[PDB]
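Before any comments, here is the structure.
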Amino acid sequence: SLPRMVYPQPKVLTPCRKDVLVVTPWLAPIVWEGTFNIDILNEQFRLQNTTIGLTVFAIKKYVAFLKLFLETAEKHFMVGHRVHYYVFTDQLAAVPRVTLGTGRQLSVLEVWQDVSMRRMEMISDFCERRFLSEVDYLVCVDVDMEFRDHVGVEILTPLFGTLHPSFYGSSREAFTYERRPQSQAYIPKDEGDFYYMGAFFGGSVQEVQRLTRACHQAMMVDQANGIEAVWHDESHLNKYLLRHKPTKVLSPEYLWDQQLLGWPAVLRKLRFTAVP
Amino acid sequence: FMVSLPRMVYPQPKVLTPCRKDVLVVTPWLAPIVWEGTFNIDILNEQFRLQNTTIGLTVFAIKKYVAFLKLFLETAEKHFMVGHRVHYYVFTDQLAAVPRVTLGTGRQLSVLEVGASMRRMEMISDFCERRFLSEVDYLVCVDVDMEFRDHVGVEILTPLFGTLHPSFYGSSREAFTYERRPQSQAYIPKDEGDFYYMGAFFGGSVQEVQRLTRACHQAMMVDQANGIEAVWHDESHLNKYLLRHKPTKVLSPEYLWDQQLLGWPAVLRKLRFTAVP
Ligand SMILES: O=c1ccn([C@@H]2O[C@H](COP(=O)(O)OP(=O)(O)O)[C@@H](O)[C@H]2O)c(=O)[nH]1
Ligand SMILES: [Mn+2]
């Protein structure tokens, strides 16, 4: 039960965004600026005392991206809510000392085909080991990125994927799905909804555990059949979200590369961008 | 429940092509507003079939209102959840006056024998415990003096839903007929409110509905002890409940219409469930 709140009335005959699609054929919202009242969403999620887990892999040279990642996350990611950062790394001492706000904590987790399966294997394994006990939602991203604007509770849902910024306006036959029938990730040209990027996905811990476990099993079958998918775990992620439809989809606002694509008018905010 | 779909053939959705240009299709709290053109029913049907879902439909037909049953059931057989398992529940004082109707495969009807204001909320709540929790997955609760004219399907199913009143979908919150006296449990001040929902069409999961109808009943009880009656009875208490507990779906006026009073505007691409004249 929410309390008395003061906010503008939503008008039935005034569309929120006229230049984009805001809901999927399976009735999952597509998150664009102007589709959500953040204050109503903040209060709904505060009233459940929501904790958000955020995972990143920072191994080898990739430890150098952490300072800017964590500093910008403190400015922009789930501000006002409880956050638990999880850092998979081989270099404990290289993790930068970062001042974290109230309700925010960090755990370090000290850990070619092994490399390719690592991400899906390690998220799924740690779901049983730690995540189911410690957080309500899991958010998995790349570390070579920086927050520049709001990324909050509007993304939270049982299961989500994010549109690849290079393909959001492309037709299905042009998507770089795995196209060989001998692979478990196979998607023919008369199938497919969107091309989801492997750099940003999430959901409830249970649904993330299911997705990541499933992708790992399919990868192992591929290895057994002597085949390797064209874009590795990203191919398997797309095959998964085809058959198990996400309950939200995030716009390319949430994954951008300004060097490659600039700042078109269709993006009102550039929230989470690649570091060159 | 996240189900696993088979290979399916259908047109690709387009990110840069708006869904409807004329209507709001998603609430400020990211709940879909269900208009025609927002959903692909092929995909949704398979999702819900893979769950083996049973839908319960409640109607109250007490005294004279029993005359409305024949038309309601015949049209429901043609339009309500066709292809899925349905369990009709008829609350009536006259079991024998229930018309003989032929039901399709996976469709059944039980009569709930009850005696002749706070009635509907309490009785729905009570029979959740007695029958509904074991027998169905979803509960859909409607007025009997109605007919089905077009498709009403799994697109409405969600943990909690309300339907926009046909008279108020284009009104400002000040014009909504909420209970306005602070003394009532149903009280809503002029600067509050998202929509005005009609008491003739609501539902959701059995657990969420059991909770809604339970809370509304005890809220009416408190009012009764203060010697007050809400302006629109159970509908007033329903609106108070849905302002503070946001629905996970909102059904458009397509799902509750009155053509005699309101005609047929352009923004309505279908009339699915309509009042009897
Ligand atoms: O004597 C009555 C009074 C009403 N009802 C039920 O209560 C609902 C609401 O009553 P009504 O339709 O008269 O209210 P309205 O929305 O038309 O103002 C009806 O649809 C019936 O299902 C009934 O069965 N018998
Ligand atoms: Mn009625």
Side-chain angles (χ1 to χ4, degrees), chain B residues 55-77 79-80 86-99 101 109-128 131-132 139-149 152 156 161-169 171 176-179 186 195-203 209 212-213 216-217 219-220 224 229-242 251-259 261-262 271-277:
Chain B
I55 298 102
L57 182 68
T58 62
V59 275
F60 284 76
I62 309 289
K63 305 179 210 173
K64 286 177 169 182
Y65 281 67
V66 73
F68 293 113
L69 276 178
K70 195 176 182 179
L71 186 63
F72 179 89
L73 297 170
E74 69 178 65
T75 60
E77 278 298 292
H79 293 295
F80 182 77
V86 168
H87 202 130
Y88 298 112
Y89 297 96
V90 177
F91 293 88
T92 195
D93 48 335
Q94 311 162 63
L95 186 152
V98 174
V101 185
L109 192 154
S110 310
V111 173
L112 302 173
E113 221 148 25
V114 292
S117 183
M118 292 196 296
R119 165 203 279 149
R120 291 204 302 177
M121 288 306 193
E122 187 181 40
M123 289 181 177
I124 295 169
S125 196
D126 181 41
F127 278 91
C128 284
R131 308 289 187 273
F132 306 151
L139 267 171
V140 178
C141 313
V142 300
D143 276 12
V144 79
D145 59 330
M146 300 285 298
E147 73 178 331
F148 289 87
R149 284 171 67 166
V152 172
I156 74 168
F161 74 82
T163 310
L164 300 175
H165 199 292
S167 297
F168 299 98
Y169 71 89
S171 301
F176 296 167
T177 58
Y178 295 142
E179 179 52 58
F195 309 104
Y196 194 79
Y197 304 99
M198 198 172 201
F201 198 162
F202 68 88
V209 166
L212 182 157
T213 64
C216 287
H217 177 53
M220 292 189 288
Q224 182 169 257
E229 223 298 295
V231 64
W232 289 97
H233 329 278
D234 49 287
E235 178 175 279
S236 297
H237 299 272
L238 179 82
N239 271 277
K240 185 64 177 282
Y241 187 87
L242 287 171
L251 312 186
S252 72
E254 297 170 0
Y255 290 86
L256 259 191
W257 198 251
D258 184 341
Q259 192 175 10
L261 196 79
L262 296 153
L271 307 174
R272 330 178 87 106
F273 190 54
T274 62
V276 178

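Here is the naming used below: chain letters follow the sequence lines, and residue numbers restart at 1 for every chain. Just so you know, ligand 1 is whichever comes first in the structure, and atom 1 is the first atom listed for that ligand.
Classified by interplanar angle (parallel below 30°, tilted 30° to 60°, perpendicular above 60°), the ring pair B/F91/B/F132 is perpendicular. Ring geometry, B/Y196 versus B/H165: the interplanar angle falls from 30° to 60°, so the pair is classed tilted.
Protein N/O/S atoms closer than 2.8 Å to the Mn ion (ligand 2), listed by chain and residue number, are B/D143 OD2, B/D145 OD1.
Residue B/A200 places no heavy atom under 4.0 Å from ligand 1. The closest approach between B/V59 and ligand 1 stays at or above 4.0 Å for every heavy atom of the residue. Ligand 1 is never approached by B/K64 to a heavy-atom distance shorter than 4.0 Å.
Between B/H87 and B/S110 the shortest heavy-atom distance is NE2-OG, 2.8 Å. Taking every heavy atom of both residues into account, B/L164 and B/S252 meet most closely at CD1-CA, 4.4 Å. Shortest non-hydrogen contact noted between B/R149 and B/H79 is O-NE2, 3.3 Å. In plain terms, the two heavy atoms of B/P166 and B/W257 that are nearest each other are CB-CE3, 3.5 Å. Closest of all the heavy-atom pairs between B/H237 and B/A230 is NE2-CB, 3.7 Å.
Atoms of ligand 1 lying under 4.0 Å from any heavy atom of B/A61, numbered from 1 in the order shown and given with element: 24 (O).
Between the choices B/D143, B/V144, B/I62, the shortest heavy-atom distance to atom 9 (C) of ligand 1 belongs to B/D143.
For the side-chain contact (heavy atoms from CB on, under 4.5 Å) criterion with B/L212, the lone passing option out of B/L139, B/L238, B/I124 is B/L238.
Not one N or O of B/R119 is nearer than 3.5 Å to an N or O of ligand 1, by distance alone. Of the N or O atoms in B/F60, one or more lie within a sub-3.5 Å distance of an N or O in ligand 1.
The nearest protein heavy atom to atom 18 (O) of ligand 1 is not closer than 4.0 Å.
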When the side chains of residues 59-76 of chain B are checked against the rest of the protein, which donor-acceptor pairs come out under 3.5 Å, sequence neighbours left out?
{"from": "B/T75", "atom 1": "OG1", "to": "B/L71", "atom 2": "O", "distance (Å)": "2.9"}
{"from": "B/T75", "atom 1": "OG1", "to": "B/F72", "atom 2": "O", "distance (Å)": "3.2"}
{"from": "B/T75", "atom 1": "OG1", "to": "B/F148", "atom 2": "N", "distance (Å)": "3.1"}

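Of the protein's heavy atoms, B/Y65 CE1, 3.7 Å lies nearest to atom 3 (C) of ligand 1. Among all non-hydrogen protein atoms, the one lying nearest atom 8 (C) of ligand 1 is B/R120 NH1, 3.5 Å.
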Derivation and outcome, side chain to side chain contact (heavy atoms under 4.5 Å, CB included), residues B/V114 and B/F127: CA-CA 11 Å; B/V114 292; B/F127 278 91; 4.2 Å; yes
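Aromatic rings from B/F202 and B/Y197 are positioned such that their centres are separated by 6.0 Å or more.
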